[PDB]
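Source file upload.pdb; content: PDB, C-alpha atoms.
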ATOM      1  CA  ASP P   1     -12.778  -4.957  15.550  1.00  0.00           C
ATOM      2  CA  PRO P   2     -10.344  -6.050  18.329  1.00  0.00           C
ATOM      3  CA  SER P   3      -6.794  -5.124  17.297  1.00  0.00           C
ATOM      4  CA  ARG P   4      -6.881  -4.330  13.593  1.00  0.00           C
ATOM      5  CA  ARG P   5      -7.413  -1.293  11.352  1.00  0.00           C
ATOM      6  CA  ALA P   6     -10.441  -0.299  13.417  1.00  0.00           C
ATOM      7  CA  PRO P   7     -11.913   3.170  13.293  1.00  0.00           C
ATOM      8  CA  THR P   8     -13.313   4.599  16.446  1.00  0.00           C
ATOM      9  CA  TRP P   9     -12.810   8.303  15.958  1.00  0.00           C
ATOM     10  CA  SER P  10     -14.387  11.707  16.236  1.00  0.00           C
ATOM     11  CA  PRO P  11     -13.463  15.256  15.082  1.00  0.00           C
ATOM     12  CA  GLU P  12     -12.132  15.555  18.622  1.00  0.00           C
ATOM     13  CA  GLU P  13     -10.269  12.222  18.577  1.00  0.00           C
ATOM     14  CA  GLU P  14      -8.560  12.986  15.273  1.00  0.00           C
ATOM     15  CA  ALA P  15      -7.774  16.436  16.671  1.00  0.00           C
ATOM     16  CA  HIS P  16      -6.180  14.384  19.425  1.00  0.00           C
ATOM     17  CA  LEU P  17      -4.457  12.359  16.718  1.00  0.00           C
ATOM     18  CA  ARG P  18      -2.984  15.497  15.244  1.00  0.00           C
ATOM     19  CA  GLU P  19      -2.546  16.581  18.862  1.00  0.00           C
ATOM     20  CA  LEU P  20      -0.034  13.800  19.510  1.00  0.00           C
ATOM     21  CA  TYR P  21       1.516  14.234  16.066  1.00  0.00           C
ATOM     22  CA  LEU P  22       2.094  17.952  16.467  1.00  0.00           C
ATOM     23  CA  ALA P  23       3.459  17.340  19.957  1.00  0.00           C
ATOM     24  CA  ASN P  24       5.851  14.544  18.996  1.00  0.00           C
ATOM     25  CA  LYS P  25       6.887  15.889  15.590  1.00  0.00           C
ATOM     26  CA  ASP P  26       8.951  18.451  17.472  1.00  0.00           C
ATOM     27  CA  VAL P  27      11.439  15.792  18.564  1.00  0.00           C
ATOM     28  CA  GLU P  28      13.940  14.922  15.842  1.00  0.00           C
ATOM     29  CA  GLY P  29      15.045  11.508  14.620  1.00  0.00           C
ATOM     30  CA  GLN P  30      12.345   9.762  16.612  1.00  0.00           C
ATOM     31  CA  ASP P  31       9.516   7.395  15.632  1.00  0.00           C
ATOM     32  CA  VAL P  32       6.677   9.898  15.503  1.00  0.00           C
ATOM     33  CA  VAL P  33       4.252   7.167  14.459  1.00  0.00           C
ATOM     34  CA  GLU P  34       4.795   5.039  17.561  1.00  0.00           C
ATOM     35  CA  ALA P  35       4.729   8.168  19.709  1.00  0.00           C
ATOM     36  CA  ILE P  36       1.211   8.797  18.507  1.00  0.00           C
ATOM     37  CA  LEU P  37       0.151   5.142  18.120  1.00  0.00           C
ATOM     38  CA  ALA P  38       1.275   4.206  21.607  1.00  0.00           C
ATOM     39  CA  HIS P  39       0.060   7.189  23.629  1.00  0.00           C
ATOM     40  CA  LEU P  40      -3.571   7.437  22.507  1.00  0.00           C
ATOM     41  CA  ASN P  41      -4.881   4.111  23.812  1.00  0.00           C
ATOM     42  CA  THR P  42      -8.375   5.397  23.158  1.00  0.00           C
ATOM     43  CA  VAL P  43      -8.909   3.488  19.922  1.00  0.00           C
ATOM     44  CA  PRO P  44      -7.724   0.003  18.858  1.00  0.00           C
ATOM     45  CA  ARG P  45      -6.199   0.644  15.445  1.00  0.00           C
ATOM     46  CA  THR P  46      -3.150  -0.603  13.544  1.00  0.00           C
ATOM     47  CA  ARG P  47       0.066   1.257  12.652  1.00  0.00           C
ATOM     48  CA  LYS P  48      -1.416   2.078   9.253  1.00  0.00           C
ATOM     49  CA  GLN P  49      -4.232   3.973  10.975  1.00  0.00           C
ATOM     50  CA  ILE P  50      -2.069   6.689  12.551  1.00  0.00           C
ATOM     51  CA  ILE P  51      -0.290   7.186   9.236  1.00  0.00           C
ATOM     52  CA  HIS P  52      -3.558   7.015   7.330  1.00  0.00           C
ATOM     53  CA  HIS P  53      -5.556   9.679   9.145  1.00  0.00           C
ATOM     54  CA  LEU P  54      -2.577  12.023   9.459  1.00  0.00           C
ATOM     55  CA  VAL P  55      -1.643  12.164   5.786  1.00  0.00           C
ATOM     56  CA  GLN P  56      -5.367  12.137   5.045  1.00  0.00           C
ATOM     57  CA  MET P  57      -6.012  15.182   7.240  1.00  0.00           C
ATOM     58  CA  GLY P  58      -3.369  16.944   5.186  1.00  0.00           C
ATOM     59  CA  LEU P  59      -1.214  17.749   8.182  1.00  0.00           C
ATOM     60  CA  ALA P  60       1.271  15.070   7.197  1.00  0.00           C
ATOM     61  CA  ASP P  61       3.129  14.490   3.931  1.00  0.00           C
ATOM     62  CA  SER P  62       2.969  10.827   2.992  1.00  0.00           C
ATOM     63  CA  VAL P  63       3.073   7.233   4.222  1.00  0.00           C
ATOM     64  CA  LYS P  64       6.675   7.193   3.026  1.00  0.00           C
ATOM     65  CA  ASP P  65       7.798   9.891   5.447  1.00  0.00           C
ATOM     66  CA  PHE P  66       6.399   8.052   8.425  1.00  0.00           C
ATOM     67  CA  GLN P  67       8.247   4.786   8.808  1.00  0.00           C
ATOM     68  CA  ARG P  68       8.746   2.811   5.584  1.00  0.00           C
ATOM     69  CA  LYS P  69      10.595   2.558   2.297  1.00  0.00           C
ATOM     70  CA  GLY P  70       9.563   5.346  -0.051  1.00  0.00           C
ATOM     71  CA  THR P  71       6.610   4.344  -2.171  1.00  0.00           C
ATOM     72  CA  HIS P  72       5.445   7.114  -4.541  1.00  0.00           C
ATOM     73  CA  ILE P  73       2.414   4.867  -5.037  1.00  0.00           C
ATOM     74  CA  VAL P  74       0.427   5.752  -8.086  1.00  0.00           C
ATOM     75  CA  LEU P  75      -3.082   6.452  -6.824  1.00  0.00           C
ATOM     76  CA  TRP P  76      -4.460   2.934  -6.845  1.00  0.00           C
ATOM     77  CA  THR P  77      -8.219   2.860  -7.275  1.00  0.00           C
ATOM     78  CA  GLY P  78     -10.514  -0.145  -7.652  1.00  0.00           C
ATOM     79  CA  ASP P  79     -10.746   0.258 -11.423  1.00  0.00           C
ATOM     80  CA  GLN P  80      -7.014   0.835 -11.755  1.00  0.00           C
ATOM     81  CA  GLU P  81      -6.214  -2.279  -9.725  1.00  0.00           C
ATOM     82  CA  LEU P  82      -8.540  -4.116 -12.081  1.00  0.00           C
ATOM     83  CA  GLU P  83      -6.398  -3.086 -15.062  1.00  0.00           C
ATOM     84  CA  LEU P  84      -3.376  -4.717 -13.518  1.00  0.00           C
ATOM     85  CA  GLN P  85      -5.340  -7.623 -12.053  1.00  0.00           C
ATOM     86  CA  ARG P  86      -6.999  -8.711 -15.304  1.00  0.00           C
ATOM     87  CA  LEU P  87      -4.100  -8.055 -17.694  1.00  0.00           C
ATOM     88  CA  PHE P  88      -1.667  -9.828 -15.385  1.00  0.00           C
ATOM     89  CA  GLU P  89      -3.621 -13.070 -15.443  1.00  0.00           C
ATOM     90  CA  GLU P  90      -4.465 -12.668 -19.120  1.00  0.00           C
ATOM     91  CA  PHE P  91      -0.840 -12.359 -20.195  1.00  0.00           C
ATOM     92  CA  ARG P  92       0.593 -14.397 -17.318  1.00  0.00           C
ATOM     93  CA  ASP P  93       1.093 -17.268 -19.740  1.00  0.00           C
ATOM     94  CA  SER P  94       3.466 -15.102 -21.750  1.00  0.00           C
ATOM     95  CA  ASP P  95       7.241 -14.598 -21.877  1.00  0.00           C
ATOM     96  CA  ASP P  96       6.881 -11.376 -19.899  1.00  0.00           C
ATOM     97  CA  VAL P  97       3.504 -10.309 -18.577  1.00  0.00           C
ATOM     98  CA  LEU P  98       4.732  -6.953 -17.225  1.00  0.00           C
ATOM     99  CA  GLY P  99       5.984  -6.082 -20.676  1.00  0.00           C
ATOM    100  CA  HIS P 100       2.394  -6.451 -21.833  1.00  0.00           C
ATOM    101  CA  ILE P 101       1.067  -4.743 -18.720  1.00  0.00           C
ATOM    102  CA  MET P 102       2.766  -1.492 -19.749  1.00  0.00           C
ATOM    103  CA  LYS P 103       2.062  -1.748 -23.472  1.00  0.00           C
ATOM    104  CA  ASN P 104      -1.635  -2.598 -23.212  1.00  0.00           C
ATOM    105  CA  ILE P 105      -2.365  -0.375 -20.220  1.00  0.00           C
ATOM    106  CA  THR P 106      -4.017   2.903 -19.433  1.00  0.00           C
ATOM    107  CA  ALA P 107      -1.597   3.938 -16.645  1.00  0.00           C
ATOM    108  CA  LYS P 108       2.148   4.248 -17.190  1.00  0.00           C
ATOM    109  CA  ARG P 109       3.658   2.601 -14.112  1.00  0.00           C
ATOM    110  CA  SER P 110       7.040   1.174 -13.090  1.00  0.00           C
ATOM    111  CA  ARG P 111       8.116  -2.487 -12.928  1.00  0.00           C
ATOM    112  CA  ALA P 112       8.914  -2.267  -9.209  1.00  0.00           C
ATOM    113  CA  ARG P 113       5.609  -0.494  -8.677  1.00  0.00           C
ATOM    114  CA  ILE P 114       3.681  -3.246 -10.442  1.00  0.00           C
ATOM    115  CA  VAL P 115       5.477  -6.223  -8.879  1.00  0.00           C
ATOM    116  CA  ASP P 116       4.904  -4.830  -5.380  1.00  0.00           C
ATOM    117  CA  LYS P 117       1.220  -4.417  -6.115  1.00  0.00           C
ATOM    118  CA  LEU P 118       0.934  -7.988  -7.424  1.00  0.00           C
ATOM    119  CA  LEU P 119       2.233  -9.297  -4.107  1.00  0.00           C
ATOM    120  CA  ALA P 120      -0.173  -7.003  -2.316  1.00  0.00           C
ATOM    121  CA  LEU P 121      -3.162  -8.325  -4.278  1.00  0.00           C
ATOM    122  CA  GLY P 122      -1.844 -11.833  -3.857  1.00  0.00           C
ATOM    123  CA  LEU P 123      -1.601 -12.354  -7.601  1.00  0.00           C
ATOM    124  CA  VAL P 124       1.766 -13.965  -7.050  1.00  0.00           C
ATOM    125  CA  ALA P 125       3.990 -15.118  -4.218  1.00  0.00           C
ATOM    126  CA  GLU P 126       7.174 -13.766  -5.766  1.00  0.00           C
ATOM    127  CA  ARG P 127       8.552 -11.839  -8.740  1.00  0.00           C
ATOM    128  CA  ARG P 128       9.734 -14.884 -10.724  1.00  0.00           C
ATOM    129  CA  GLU P 129       6.174 -16.089 -11.394  1.00  0.00           C
ATOM    130  CA  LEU P 130       5.560 -12.994 -13.479  1.00  0.00           C
ATOM    131  CA  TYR P 131       8.823 -13.498 -15.368  1.00  0.00           C
ATOM    132  CA  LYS P 132       8.286 -17.029 -16.620  1.00  0.00           C
ATOM    133  CA  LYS P 133       7.623 -18.743 -19.941  1.00  0.00           C
ATOM    134  CA  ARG P 134       4.244 -19.530 -21.527  1.00  0.00           C
ATOM    135  CA  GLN P 135       3.246 -22.125 -18.936  1.00  0.00           C
ATOM    136  CA  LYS P 136      -0.245 -23.454 -18.275  1.00  0.00           C
ATOM    137  CA  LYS P 137      -0.082 -24.948 -14.816  1.00  0.00           C
ATOM    138  CA  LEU P 138      -1.460 -23.802 -11.461  1.00  0.00           C
ATOM    139  CA  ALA P 139       0.916 -20.901 -10.888  1.00  0.00           C
ATOM    140  CA  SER P 140       1.693 -21.270  -7.215  1.00  0.00           C
ATOM    141  CA  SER P 141       5.429 -21.101  -6.623  1.00  0.00           C
TER
END
Take the structure from the file and write it as structure tokens.
Amino acid sequence: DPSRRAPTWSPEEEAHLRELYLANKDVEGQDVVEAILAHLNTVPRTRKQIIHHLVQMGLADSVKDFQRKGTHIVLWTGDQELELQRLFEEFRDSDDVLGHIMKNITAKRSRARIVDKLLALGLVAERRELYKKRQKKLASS
């Protein structure tokens, strides 16, 4: 796809991905991501894609280290997202849904970790919606 998270790669191309990473990791205090991202105009792929394949090939540490605010992110799988997804909307009409989310859950997560993931799923538009009273109205703040 045109200019999104598109894979067009090969064992050689990702060796070229590490190629650029290994070459531009030597410079200090620089944006290593953009160095890679911008120099291999072989494949149309988003910023996430350089980070993705590098930490996935085990030659990089984490998404955190690359360019963004540290997210320890608890390994979010489809089933695990479903825990949060269902419980959130099932106790959304409560005095504190996240309170229930931790008590009635399988995975012990953090408040900040949960609220970020709600926004990512599009379960809410902000943090206040999940900290409201027992309302029963279309929750779109």
At what distance in Å, to one decimal, does CA of residue 50 (chain P) lie from CA of residue 75 (chain P)?
-> 19.4 Å
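The residues returned by the PyMOL selection byres ((chain P and resi 9) around 12) for this structure are residues 5, 6, 7, 8, 10, 11, 12, 13, 14, 15, 16, 17, 40, 41, 42, 43, 44, 45, 49, 50 and 53 of chain P.
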Can I get the selection written as a short mmCIF file (atom, residue, chain, number, x, y, z; two decimals), keeping the file's coordinate frame, with C-alpha atoms?
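again-v4.cif, freshly written:
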data_model
loop_
_atom_site.label_atom_id
_atom_site.label_comp_id
_atom_site.auth_asym_id
_atom_site.auth_seq_id
_atom_site.Cartn_x
_atom_site.Cartn_y
_atom_site.Cartn_z
CA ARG P 5 -7.41 -1.29 11.35
CA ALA P 6 -10.44 -0.30 13.42
CA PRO P 7 -11.91 3.17 13.29
CA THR P 8 -13.31 4.60 16.45
CA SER P 10 -14.39 11.71 16.24
CA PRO P 11 -13.46 15.26 15.08
CA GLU P 12 -12.13 15.56 18.62
CA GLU P 13 -10.27 12.22 18.58
CA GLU P 14 -8.56 12.99 15.27
CA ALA P 15 -7.77 16.44 16.67
CA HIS P 16 -6.18 14.38 19.42
CA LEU P 17 -4.46 12.36 16.72
CA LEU P 40 -3.57 7.44 22.51
CA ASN P 41 -4.88 4.11 23.81
CA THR P 42 -8.38 5.40 23.16
CA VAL P 43 -8.91 3.49 19.92
CA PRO P 44 -7.72 0.00 18.86
CA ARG P 45 -6.20 0.64 15.44
CA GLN P 49 -4.23 3.97 10.98
CA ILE P 50 -2.07 6.69 12.55
CA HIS P 53 -5.56 9.68 9.14
#
Excluding residue 109 (chain P) and any residue of its chain fewer than 2 positions from it, enumerate the residues within 12 Å of it, using all atoms listed in the file, and give them as an MDAnalysis selection string.
-> chainID P and resid 72:76 80:81 83:84 98:107 111:117
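Between CA of residue 58 (chain P) and CA of residue 4 (chain P) lies a distance of 23.1 Å.
Proximity of P:27, P:124, P:60, P:82 to residue 138 (chain P), computed with only C-alpha atoms, is greatest for P:124.
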For residue 137 (chain P), the closest of P:61, P:120, P:92, P:47 counting all atoms listed in the file is P:92
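Here the question is which of P:31, P:2, P:130, P:56 gets nearest to residue 93 (chain P) using all atoms listed in the file, and that residue is P:130.
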Within 8 Å of residue 131 (chain P), counting all atoms listed in the file, which residues show up once you throw out same-chain ones fewer than 6 positions away? Write them as a list in words, please.
-> residues 95, 96, 97 and 98 of chain P
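Around the coordinate (6.3, 7.9, -0.6), residues that reach within 7 Å when counting all atoms listed in the file are residues 62, 63, 64, 65, 70, 71, 72 and 73 of chain P.
When all atoms listed in the file are used to compute distances to residue 139 (chain P), the closest of the residues P:67, P:18, P:89, P:110 turns out to be P:89.
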